[PDB]
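One structure below.
What follows draws every value from the coordinates through simple rules; no lab data is involved. So basically every Cβ, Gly included, is an ideal-geometry build from the backbone, and we count neighbours across all protein chains shown.
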Amino acid sequence: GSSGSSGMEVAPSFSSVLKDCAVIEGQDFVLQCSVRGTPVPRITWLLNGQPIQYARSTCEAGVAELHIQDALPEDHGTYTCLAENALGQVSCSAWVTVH
């Protein structure tokens, strides 16, 4: 036998990666996805480059969300949601379009 305890940590992963989405200039759009892991991986969104500073992201029940109000024509790019923890590290990309 071997001593052990139930309820061990886990590595980060994306069950439902982000998908393409379109929105009208001036409208609101929140990027919702699914990510698992333990402990909860760090959620940081970036605009095809540097991380966002005015992002009120909200991770609940392993659900990373990013509310983006005032969809500007200069936002149309590729949102990257990095998720890493003491266990592993993973990242995903997305494609948001602004009419």
Item to check | Linear extension gain, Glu60 paired with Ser6, 0.36 nm per residue minus alpha-carbon span | outcome: 17.1 nm
Item to check | Rg/Rh ratio calculated on Cα atoms of the chain (Kirkwood radius) | outcome: 1.09
Item to check | Relative contact order computed over the chain (Cα-Cα under 8 Å; 6+ residues apart), in percent | outcome: 37 percent
Next on the checklist: Under a Cβ-only charge scheme (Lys and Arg +1, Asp and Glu -1), can you give me the dipole magnitude of the chain about the Cα centre, in debye to the nearest 20?
Outcome noted: 380 debye
Checklist outcome for this item: When all Cα-Cα pair distances of the stretch 1-59 are considered, the percent exceeding 16 Å is 63 percent
Checklist entry - Can you list residues whose amide H is under 5 Å from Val30's amide H, if they're 5+ apart or on another chain and H is modeled 1.01 Å from N? => result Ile68
Item to check | Cleavage-rule hits, chymotrypsin sites (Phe, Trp or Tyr not before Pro), the stretch 26-99, DSSP coil, Cβ neighbours within 10 Å at most 10 | outcome: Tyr54
